[PDB]
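Encoded as C-alpha coordinates, the structure appears first; notes follow it.
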Amino acid sequence: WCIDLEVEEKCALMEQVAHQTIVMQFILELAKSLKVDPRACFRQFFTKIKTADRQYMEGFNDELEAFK
Amino acid sequence: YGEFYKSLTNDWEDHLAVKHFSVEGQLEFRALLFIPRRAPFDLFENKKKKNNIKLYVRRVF
Amino acid sequence: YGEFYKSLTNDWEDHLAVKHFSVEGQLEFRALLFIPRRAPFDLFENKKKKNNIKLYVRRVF
Amino acid sequence: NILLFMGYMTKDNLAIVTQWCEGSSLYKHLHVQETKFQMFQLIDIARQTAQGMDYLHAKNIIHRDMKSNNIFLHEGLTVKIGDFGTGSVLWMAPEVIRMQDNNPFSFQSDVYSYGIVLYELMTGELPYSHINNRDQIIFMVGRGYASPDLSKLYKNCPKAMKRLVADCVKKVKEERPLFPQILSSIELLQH
(Lines give C-alpha, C1' and ligand atoms only; values in the text may rest on other atoms or scores of the structure.)
Protein backbone atom coordinates (compact mmCIF):
# COMPACT_ATOMS: atom_id res chain seq x y z
CA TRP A 1 0.00 0.00 0.00
CA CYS A 2 2.92 2.46 0.61
CA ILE A 3 4.05 2.23 -3.09
CA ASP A 4 2.17 5.48 -3.91
CA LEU A 5 4.06 7.16 -1.01
CA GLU A 6 7.44 6.16 -2.53
CA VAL A 7 6.30 7.25 -6.03
CA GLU A 8 4.98 10.61 -4.64
CA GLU A 9 7.97 11.18 -2.20
CA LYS A 10 5.53 11.38 0.82
CA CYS A 11 8.30 11.21 3.49
CA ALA A 12 6.19 12.14 6.59
CA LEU A 13 3.63 9.33 5.95
CA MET A 14 6.50 6.86 5.21
CA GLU A 15 8.20 7.96 8.50
CA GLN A 16 5.05 7.61 10.70
CA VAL A 17 4.07 4.27 9.08
CA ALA A 18 7.69 3.04 9.60
CA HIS A 19 6.77 3.02 13.35
CA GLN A 20 3.69 0.84 12.66
CA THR A 21 5.86 -1.35 10.33
CA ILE A 22 8.67 -2.01 12.88
CA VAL A 23 5.99 -2.81 15.52
CA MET A 24 4.38 -5.35 13.12
CA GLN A 25 7.83 -6.85 12.40
CA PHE A 26 8.58 -6.88 16.20
CA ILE A 27 5.35 -8.70 17.15
CA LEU A 28 5.42 -11.12 14.20
CA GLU A 29 9.16 -11.87 14.58
CA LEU A 30 8.69 -12.25 18.36
CA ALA A 31 5.88 -14.69 17.75
CA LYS A 32 8.01 -16.67 15.28
CA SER A 33 11.05 -16.57 17.62
CA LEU A 34 9.01 -17.83 20.61
CA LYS A 35 6.85 -20.35 18.61
CA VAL A 36 3.69 -18.58 19.79
CA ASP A 37 0.50 -17.06 18.38
CA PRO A 38 1.10 -13.35 17.45
CA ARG A 39 -2.27 -12.60 19.17
CA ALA A 40 -0.68 -13.73 22.49
CA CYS A 41 1.68 -10.67 22.62
CA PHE A 42 1.05 -7.84 25.18
CA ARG A 43 1.69 -4.04 25.65
CA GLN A 44 4.06 -5.11 28.45
CA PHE A 45 6.25 -6.42 25.56
CA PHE A 46 6.19 -2.94 24.01
CA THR A 47 7.19 -1.63 27.53
CA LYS A 48 10.05 -4.21 27.60
CA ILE A 49 11.50 -2.88 24.31
CA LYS A 50 11.12 0.62 25.94
CA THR A 51 13.79 -0.48 28.55
CA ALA A 52 17.54 0.39 28.18
CA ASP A 53 18.60 0.93 24.47
CA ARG A 54 15.20 1.32 22.79
CA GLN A 55 14.97 1.14 18.97
CA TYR A 56 16.71 0.54 15.57
CA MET A 57 14.24 2.60 13.42
CA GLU A 58 16.95 5.21 12.56
CA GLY A 59 17.90 2.78 9.70
CA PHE A 60 14.23 2.38 8.60
CA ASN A 61 14.13 6.16 7.99
CA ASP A 62 16.42 5.16 5.04
CA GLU A 63 14.34 2.03 4.09
CA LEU A 64 11.66 4.28 2.80
CA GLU A 65 14.10 5.27 0.02
CA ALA A 66 16.41 2.19 0.12
CA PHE A 67 13.53 -0.17 -0.57
CA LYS A 68 12.63 1.51 -4.02
CA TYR B 1 -20.87 -20.05 26.48
CA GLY B 2 -18.10 -19.28 23.94
CA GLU B 3 -19.12 -15.65 23.26
CA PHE B 4 -19.61 -15.01 26.98
CA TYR B 5 -16.23 -16.45 27.94
CA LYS B 6 -14.42 -14.34 25.30
CA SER B 7 -16.31 -11.35 26.78
CA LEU B 8 -15.52 -12.32 30.43
CA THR B 9 -11.77 -12.97 29.86
CA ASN B 10 -10.74 -11.15 26.62
CA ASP B 11 -9.42 -14.53 25.31
CA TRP B 12 -9.37 -14.88 21.47
CA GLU B 13 -10.02 -18.69 21.70
CA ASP B 14 -12.85 -20.80 23.24
CA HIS B 15 -12.83 -22.51 26.67
CA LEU B 16 -11.78 -26.20 26.85
CA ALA B 17 -14.60 -27.09 29.21
CA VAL B 18 -17.26 -25.21 31.16
CA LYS B 19 -19.27 -26.07 34.23
CA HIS B 20 -22.55 -24.36 35.13
CA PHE B 21 -24.04 -25.11 38.58
CA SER B 22 -26.16 -23.80 41.37
CA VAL B 23 -26.67 -24.22 45.14
CA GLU B 24 -29.70 -23.58 47.46
CA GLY B 25 -30.58 -23.25 51.20
CA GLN B 26 -29.36 -20.52 53.61
CA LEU B 27 -26.50 -19.74 51.17
CA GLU B 28 -27.84 -19.36 47.58
CA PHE B 29 -25.74 -18.81 44.44
CA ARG B 30 -25.18 -19.63 40.78
CA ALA B 31 -21.82 -19.97 39.08
CA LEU B 32 -19.78 -20.43 35.90
CA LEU B 33 -16.34 -21.97 35.85
CA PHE B 34 -14.16 -22.16 32.72
CA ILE B 35 -11.00 -24.17 32.03
CA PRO B 36 -9.02 -22.21 29.35
CA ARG B 37 -7.47 -24.17 26.36
CA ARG B 38 -3.99 -22.71 27.15
CA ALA B 39 -2.10 -21.85 30.31
CA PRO B 40 -1.92 -18.01 30.53
CA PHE B 41 1.58 -16.87 29.42
CA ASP B 42 2.21 -15.49 32.95
CA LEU B 43 -0.15 -17.79 35.01
CA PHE B 44 2.37 -18.43 37.78
CA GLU B 45 3.84 -14.94 38.18
CA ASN B 46 4.00 -13.90 41.82
CA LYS B 47 4.03 -10.21 41.04
CA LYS B 48 0.58 -10.15 39.46
CA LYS B 49 -2.73 -9.74 41.33
CA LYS B 50 -5.29 -12.29 39.96
CA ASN B 51 -8.71 -11.20 38.52
CA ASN B 52 -9.76 -14.82 37.86
CA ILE B 53 -13.06 -15.24 39.87
CA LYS B 54 -15.41 -12.28 40.28
CA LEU B 55 -18.12 -12.21 42.98
CA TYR B 56 -21.39 -10.42 42.22
CA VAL B 57 -24.42 -9.82 44.42
CA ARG B 58 -27.78 -9.38 42.72
CA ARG B 59 -25.64 -8.88 39.55
CA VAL B 60 -23.46 -5.93 40.82
CA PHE B 61 -19.71 -6.39 41.36
CA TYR C 1 16.14 0.65 72.57
CA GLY C 2 17.12 -2.97 73.16
CA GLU C 3 14.35 -3.58 75.70
CA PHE C 4 11.73 -1.97 73.54
CA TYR C 5 12.84 -4.15 70.61
CA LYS C 6 12.80 -7.42 72.61
CA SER C 7 9.23 -6.58 73.72
CA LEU C 8 8.10 -5.62 70.18
CA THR C 9 9.58 -8.68 68.44
CA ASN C 10 9.67 -11.31 71.23
CA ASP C 11 13.34 -11.84 70.17
CA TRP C 12 15.72 -13.25 72.86
CA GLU C 13 18.74 -11.32 71.42
CA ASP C 14 19.32 -7.54 71.09
CA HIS C 15 18.99 -5.55 67.79
CA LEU C 16 21.90 -4.92 65.31
CA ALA C 17 21.07 -1.26 64.42
CA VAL C 18 18.13 1.23 64.64
CA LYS C 19 17.06 4.30 62.65
CA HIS C 20 14.81 6.69 64.60
CA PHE C 21 13.40 9.84 62.94
CA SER C 22 10.51 12.29 62.57
CA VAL C 23 9.15 13.56 59.27
CA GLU C 24 7.86 17.12 59.70
CA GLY C 25 5.61 18.55 56.96
CA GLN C 26 1.96 18.20 56.14
CA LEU C 27 2.48 14.51 57.11
CA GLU C 28 3.65 14.10 60.71
CA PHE C 29 5.04 10.69 61.64
CA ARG C 30 7.62 9.15 63.94
CA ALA C 31 9.22 5.84 63.00
CA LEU C 32 11.53 3.20 64.48
CA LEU C 33 13.21 0.79 62.06
CA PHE C 34 15.31 -2.06 63.50
CA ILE C 35 17.71 -4.43 61.86
CA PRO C 36 17.70 -7.82 63.63
CA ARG C 37 20.98 -9.75 64.30
CA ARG C 38 19.96 -12.98 62.43
CA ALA C 39 17.67 -13.39 59.45
CA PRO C 40 14.55 -15.35 60.40
CA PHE C 41 14.21 -18.82 58.96
CA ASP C 42 11.17 -17.85 57.04
CA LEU C 43 12.35 -14.46 55.85
CA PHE C 44 11.26 -15.29 52.24
CA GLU C 45 8.89 -18.18 52.79
CA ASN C 46 5.58 -17.28 54.48
CA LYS C 47 4.13 -15.42 51.42
CA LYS C 48 1.09 -13.69 53.01
CA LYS C 49 0.96 -9.94 53.75
CA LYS C 50 3.50 -8.91 56.50
CA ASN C 51 6.82 -7.03 56.15
CA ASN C 52 6.59 -6.38 59.94
CA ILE C 53 6.10 -2.58 60.00
CA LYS C 54 3.04 -1.69 61.99
CA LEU C 55 1.06 1.44 61.37
CA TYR C 56 -0.45 3.30 64.27
CA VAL C 57 -2.51 6.44 64.32
CA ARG C 58 -2.44 8.67 67.40
CA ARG C 59 -0.99 5.52 69.13
CA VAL C 60 -3.88 3.18 68.20
CA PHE C 61 -3.11 0.27 65.98
CA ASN D 1 16.25 -3.09 5.21
CA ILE D 2 17.21 -6.14 7.22
CA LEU D 3 15.85 -8.78 9.54
CA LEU D 4 17.96 -7.47 12.49
CA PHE D 5 18.78 -9.54 15.63
CA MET D 6 16.78 -8.83 18.83
CA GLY D 7 18.53 -9.19 22.19
CA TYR D 8 15.56 -10.93 23.81
CA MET D 9 13.78 -9.06 26.59
CA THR D 10 14.25 -11.68 29.29
CA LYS D 11 12.21 -12.38 32.43
CA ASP D 12 13.47 -13.44 35.82
CA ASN D 13 11.09 -15.68 37.80
CA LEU D 14 11.89 -15.75 41.55
CA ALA D 15 8.85 -17.77 42.73
CA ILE D 16 9.25 -20.19 45.71
CA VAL D 17 7.73 -23.62 46.48
CA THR D 18 8.00 -24.47 50.21
CA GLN D 19 9.96 -27.51 51.43
CA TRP D 20 9.42 -29.21 54.85
CA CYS D 21 11.70 -31.55 56.88
CA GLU D 22 10.39 -34.95 58.11
CA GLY D 23 12.41 -34.49 61.31
CA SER D 24 12.96 -36.98 64.05
CA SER D 25 10.16 -37.56 66.41
CA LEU D 26 10.97 -36.95 70.01
CA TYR D 27 10.84 -40.67 70.56
CA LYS D 28 13.38 -41.29 67.88
CA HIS D 29 15.91 -38.78 68.94
CA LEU D 30 15.50 -39.66 72.59
CA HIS D 31 15.48 -43.45 72.57
CA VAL D 32 16.82 -44.52 69.19
CA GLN D 33 19.38 -41.99 68.17
CA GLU D 34 19.73 -41.05 71.81
CA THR D 35 20.92 -37.55 71.06
CA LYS D 36 21.23 -35.16 73.96
CA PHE D 37 19.90 -31.74 74.86
CA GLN D 38 20.93 -29.21 77.45
CA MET D 39 18.58 -28.88 80.34
CA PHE D 40 17.50 -25.46 79.13
CA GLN D 41 16.73 -26.85 75.69
CA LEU D 42 14.79 -29.77 77.16
CA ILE D 43 12.69 -27.25 79.00
CA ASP D 44 12.17 -25.17 75.77
CA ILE D 45 10.78 -28.32 74.09
CA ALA D 46 8.48 -29.10 77.02
CA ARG D 47 7.31 -25.51 77.01
CA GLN D 48 6.37 -25.50 73.33
CA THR D 49 4.65 -28.88 73.78
CA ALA D 50 2.52 -27.45 76.61
CA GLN D 51 1.81 -24.25 74.62
CA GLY D 52 0.43 -26.39 71.74
CA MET D 53 -1.52 -28.65 74.18
CA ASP D 54 -3.20 -25.65 75.81
CA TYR D 55 -4.29 -24.33 72.39
CA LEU D 56 -5.88 -27.73 71.57
CA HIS D 57 -7.76 -27.76 74.87
CA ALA D 58 -8.96 -24.20 74.39
CA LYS D 59 -10.54 -25.33 71.09
CA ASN D 60 -12.09 -28.31 72.97
CA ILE D 61 -9.92 -30.84 71.10
CA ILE D 62 -8.81 -33.83 73.19
CA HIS D 63 -5.61 -35.06 71.58
CA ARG D 64 -5.82 -38.60 73.15
CA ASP D 65 -3.10 -40.07 70.88
CA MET D 66 -0.28 -38.33 72.84
CA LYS D 67 3.03 -40.12 72.32
CA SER D 68 6.60 -38.87 72.11
CA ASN D 69 6.74 -40.31 68.65
CA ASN D 70 3.72 -38.07 67.65
CA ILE D 71 5.71 -34.91 68.59
CA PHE D 72 8.31 -33.86 65.96
CA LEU D 73 11.27 -31.45 65.91
CA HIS D 74 11.98 -29.05 63.13
CA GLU D 75 14.54 -26.34 62.50
CA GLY D 76 15.17 -24.17 65.54
CA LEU D 77 13.67 -27.00 67.60
CA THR D 78 10.21 -25.92 66.63
CA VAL D 79 7.82 -28.49 68.12
CA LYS D 80 5.05 -29.79 65.82
CA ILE D 81 2.40 -31.92 67.59
CA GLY D 82 0.16 -34.15 65.40
CA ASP D 83 -1.55 -37.51 64.66
CA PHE D 84 1.21 -37.91 61.98
CA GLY D 85 3.26 -40.76 63.66
CA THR D 86 5.13 -50.99 73.48
CA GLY D 87 3.43 -47.53 73.15
CA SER D 88 0.06 -49.07 72.49
CA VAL D 89 -0.19 -48.89 76.37
CA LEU D 90 2.74 -46.84 77.79
CA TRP D 91 1.61 -43.17 77.42
CA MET D 92 -2.09 -43.77 78.41
CA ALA D 93 -3.61 -43.11 81.89
CA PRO D 94 -4.39 -45.99 84.40
CA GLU D 95 -8.18 -45.84 83.62
CA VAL D 96 -7.55 -45.75 79.81
CA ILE D 97 -5.06 -48.69 79.70
CA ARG D 98 -7.72 -50.58 81.71
CA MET D 99 -10.54 -49.60 79.31
CA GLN D 100 -12.22 -48.86 82.67
CA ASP D 101 -15.07 -46.95 80.96
CA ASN D 102 -16.29 -46.02 77.49
CA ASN D 103 -13.49 -43.96 76.06
CA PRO D 104 -13.17 -41.73 79.15
CA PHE D 105 -11.21 -39.08 77.41
CA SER D 106 -10.62 -35.80 79.11
CA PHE D 107 -8.04 -33.08 79.28
CA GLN D 108 -6.51 -34.78 82.27
CA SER D 109 -5.95 -37.88 80.17
CA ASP D 110 -3.85 -35.74 77.90
CA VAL D 111 -2.13 -34.36 80.94
CA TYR D 112 -1.21 -37.81 82.11
CA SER D 113 0.36 -38.59 78.75
CA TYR D 114 2.14 -35.23 78.90
CA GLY D 115 3.57 -36.08 82.28
CA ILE D 116 4.88 -39.32 80.90
CA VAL D 117 6.52 -37.41 78.11
CA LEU D 118 8.10 -35.07 80.60
CA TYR D 119 9.42 -38.08 82.54
CA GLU D 120 11.20 -39.54 79.47
CA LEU D 121 12.59 -36.08 78.54
CA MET D 122 13.95 -35.76 82.11
CA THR D 123 15.49 -39.33 82.19
CA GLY D 124 16.50 -40.22 78.61
CA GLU D 125 14.90 -43.60 79.54
CA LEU D 126 11.36 -45.07 79.31
CA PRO D 127 9.16 -45.31 82.49
CA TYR D 128 8.98 -48.65 84.40
CA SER D 129 11.90 -49.90 82.18
CA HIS D 130 13.41 -52.23 84.83
CA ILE D 131 10.28 -54.30 83.80
CA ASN D 132 8.77 -55.01 80.30
CA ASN D 133 6.00 -57.70 80.78
CA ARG D 134 2.69 -56.62 79.07
CA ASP D 135 0.25 -58.04 81.67
CA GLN D 136 2.45 -56.80 84.56
CA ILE D 137 2.18 -53.23 83.12
CA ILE D 138 -1.67 -53.57 82.89
CA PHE D 139 -1.68 -54.93 86.51
CA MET D 140 0.85 -52.65 88.23
CA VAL D 141 -0.18 -49.39 86.55
CA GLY D 142 -3.92 -50.10 86.41
CA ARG D 143 -4.18 -51.05 90.04
CA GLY D 144 -1.82 -48.40 91.38
CA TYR D 145 1.12 -50.59 92.46
CA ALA D 146 3.93 -48.59 90.78
CA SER D 147 4.75 -44.96 89.86
CA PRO D 148 7.36 -44.26 87.17
CA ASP D 149 10.80 -44.25 88.90
CA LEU D 150 11.40 -40.50 89.61
CA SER D 151 14.72 -41.65 91.19
CA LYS D 152 15.88 -42.07 87.50
CA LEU D 153 15.51 -38.29 86.76
CA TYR D 154 18.46 -36.05 85.71
CA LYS D 155 20.51 -34.54 88.56
CA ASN D 156 20.19 -31.20 86.73
CA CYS D 157 16.39 -31.37 86.76
CA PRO D 158 14.88 -28.37 88.64
CA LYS D 159 13.05 -29.57 91.72
CA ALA D 160 10.03 -27.75 90.40
CA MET D 161 10.20 -29.95 87.31
CA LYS D 162 10.57 -33.05 89.36
CA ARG D 163 7.37 -32.01 91.05
CA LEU D 164 5.73 -31.15 87.77
CA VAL D 165 6.44 -34.61 86.46
CA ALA D 166 5.08 -36.14 89.66
CA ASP D 167 2.02 -33.95 89.56
CA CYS D 168 1.17 -34.62 85.97
CA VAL D 169 1.25 -38.34 86.61
CA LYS D 170 -0.69 -38.34 89.86
CA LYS D 171 -2.96 -41.35 89.83
CA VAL D 172 -6.30 -39.61 90.23
CA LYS D 173 -7.48 -37.34 87.42
CA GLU D 174 -8.86 -34.98 90.02
CA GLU D 175 -5.32 -34.68 91.42
CA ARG D 176 -3.48 -33.57 88.30
CA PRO D 177 -3.16 -29.98 86.87
CA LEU D 178 -4.48 -28.63 83.62
CA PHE D 179 -2.31 -27.12 80.97
CA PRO D 180 -2.78 -23.48 82.00
CA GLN D 181 -1.23 -24.49 85.34
CA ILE D 182 1.39 -26.63 83.77
CA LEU D 183 2.47 -23.99 81.36
CA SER D 184 2.45 -21.30 83.97
CA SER D 185 4.66 -23.49 86.07
CA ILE D 186 7.00 -24.17 83.16
CA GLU D 187 7.54 -20.58 82.31
CA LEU D 188 8.22 -19.71 85.95
CA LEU D 189 10.42 -22.75 86.26
CA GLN D 190 12.45 -21.82 83.14
CA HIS D 191 13.04 -18.14 84.20
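So you can find residues: chains in the C-alpha coordinates are A, B, ... in the order shown, residues in each start at 1, and ligands are numbered from 1 in order.
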
Q: Give me the residues within 9 Å of stretch 84-86 of chain D as a ChimeraX atom specification, counting only C-alpha atoms and dropping any in the same chain fewer than 2 places off.
A: /D:25,67,69-72,81-82,88-90,132,134

(Q) For chain B fitted to chain C over all Cα atoms in order, what RMSD does a least-squares superposition give? (A) 1.3 Å

Q: Could you jot down the atom CA of residue D:187 to atom CA of residue C:16 separation for me, Å, one decimal place?
A: 27.2 Å

Q: From stretch 3-189 of chain D, collect each residue whose DSSP state is strand (DSSP E) and return the set as an MDAnalysis selection string.
A: chainID D and resid 71:74 78:81

Go ahead and write the selection's residues with N, CA, C and O atoms as an mmCIF file, in the first residue's frame.
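Below is the file that was written, out.cif:
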data_model
loop_
_atom_site.group_PDB
_atom_site.id
_atom_site.type_symbol
_atom_site.label_atom_id
_atom_site.label_comp_id
_atom_site.auth_asym_id
_atom_site.auth_seq_id
_atom_site.Cartn_x
_atom_site.Cartn_y
_atom_site.Cartn_z
ATOM 1 N N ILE D 71 5.133 -36.248 68.482
ATOM 2 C CA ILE D 71 5.711 -34.915 68.594
ATOM 3 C C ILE D 71 6.993 -34.915 67.766
ATOM 4 O O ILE D 71 7.796 -35.836 67.899
ATOM 5 N N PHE D 72 7.204 -33.911 66.921
ATOM 6 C CA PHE D 72 8.310 -33.861 65.960
ATOM 7 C C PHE D 72 9.144 -32.598 66.132
ATOM 8 O O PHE D 72 8.581 -31.556 66.483
ATOM 9 N N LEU D 73 10.466 -32.666 65.886
ATOM 10 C CA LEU D 73 11.272 -31.451 65.913
ATOM 11 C C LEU D 73 11.664 -31.020 64.533
ATOM 12 O O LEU D 73 12.032 -31.826 63.678
ATOM 13 N N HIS D 74 11.648 -29.721 64.368
ATOM 14 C CA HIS D 74 11.976 -29.050 63.133
ATOM 15 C C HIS D 74 13.065 -28.031 63.385
ATOM 16 O O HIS D 74 13.572 -27.941 64.512
ATOM 17 N N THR D 78 11.624 -26.181 66.604
ATOM 18 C CA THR D 78 10.209 -25.919 66.632
ATOM 19 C C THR D 78 9.524 -27.242 66.870
ATOM 20 O O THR D 78 9.888 -28.264 66.283
ATOM 21 N N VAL D 79 8.608 -27.288 67.824
ATOM 22 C CA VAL D 79 7.825 -28.486 68.124
ATOM 23 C C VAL D 79 6.591 -28.493 67.231
ATOM 24 O O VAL D 79 5.856 -27.512 67.227
ATOM 25 N N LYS D 80 6.332 -29.575 66.494
ATOM 26 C CA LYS D 80 5.047 -29.794 65.818
ATOM 27 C C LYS D 80 4.380 -31.015 66.434
ATOM 28 O O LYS D 80 4.905 -32.123 66.334
ATOM 29 N N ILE D 81 3.238 -30.827 67.079
ATOM 30 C CA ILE D 81 2.396 -31.916 67.591
ATOM 31 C C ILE D 81 1.446 -32.364 66.472
ATOM 32 O O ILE D 81 0.950 -31.522 65.724
#

If we count only C-alpha atoms, which residues of chain A reach to within 12 Å of chain B? Please list them as a PDB file with N, CA, C and O atoms, in the first residue's frame.
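The resulting file, out_35.pdb, is reproduced below:
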ATOM      1  N   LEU A  34       9.513 -17.115  19.444  1.00  0.00           N
ATOM      2  CA  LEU A  34       9.009 -17.833  20.608  1.00  0.00           C
ATOM      3  C   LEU A  34       8.116 -19.028  20.266  1.00  0.00           C
ATOM      4  O   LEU A  34       7.676 -19.693  21.199  1.00  0.00           O
ATOM      5  N   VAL A  36       4.988 -18.906  19.203  1.00  0.00           N
ATOM      6  CA  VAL A  36       3.690 -18.582  19.792  1.00  0.00           C
ATOM      7  C   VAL A  36       2.776 -17.896  18.807  1.00  0.00           C
ATOM      8  O   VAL A  36       3.182 -17.506  17.721  1.00  0.00           O
ATOM      9  N   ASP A  37       1.491 -17.814  19.144  1.00  0.00           N
ATOM     10  CA  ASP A  37       0.500 -17.062  18.378  1.00  0.00           C
ATOM     11  C   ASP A  37       0.798 -15.552  18.489  1.00  0.00           C
ATOM     12  O   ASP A  37       0.877 -15.047  19.609  1.00  0.00           O
ATOM     13  N   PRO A  38       0.932 -14.800  17.386  1.00  0.00           N
ATOM     14  CA  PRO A  38       1.101 -13.350  17.450  1.00  0.00           C
ATOM     15  C   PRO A  38       0.049 -12.635  18.302  1.00  0.00           C
ATOM     16  O   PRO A  38       0.364 -11.655  18.978  1.00  0.00           O
ATOM     17  N   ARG A  39      -1.177 -13.147  18.354  1.00  0.00           N
ATOM     18  CA  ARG A  39      -2.272 -12.599  19.168  1.00  0.00           C
ATOM     19  C   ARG A  39      -2.005 -12.677  20.677  1.00  0.00           C
ATOM     20  O   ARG A  39      -2.600 -11.922  21.441  1.00  0.00           O
ATOM     21  N   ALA A  40      -1.091 -13.553  21.100  1.00  0.00           N
ATOM     22  CA  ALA A  40      -0.678 -13.730  22.488  1.00  0.00           C
ATOM     23  C   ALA A  40       0.383 -12.715  22.981  1.00  0.00           C
ATOM     24  O   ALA A  40       0.835 -12.814  24.121  1.00  0.00           O
ATOM     25  N   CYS A  41       0.830 -11.760  22.151  1.00  0.00           N
ATOM     26  CA  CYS A  41       1.683 -10.665  22.618  1.00  0.00           C
ATOM     27  C   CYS A  41       0.918  -9.674  23.525  1.00  0.00           C
ATOM     28  O   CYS A  41      -0.308  -9.713  23.599  1.00  0.00           O
ATOM     29  N   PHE A  42       1.636  -8.773  24.205  1.00  0.00           N
ATOM     30  CA  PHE A  42       1.051  -7.837  25.178  1.00  0.00           C
ATOM     31  C   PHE A  42       1.708  -6.451  25.155  1.00  0.00           C
ATOM     32  O   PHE A  42       2.862  -6.298  24.754  1.00  0.00           O
ATOM     33  N   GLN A  44       2.861  -4.882  27.637  1.00  0.00           N
ATOM     34  CA  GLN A  44       4.057  -5.108  28.451  1.00  0.00           C
ATOM     35  C   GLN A  44       5.281  -5.413  27.584  1.00  0.00           C
ATOM     36  O   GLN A  44       6.358  -4.912  27.862  1.00  0.00           O
TER      37      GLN A  44
END
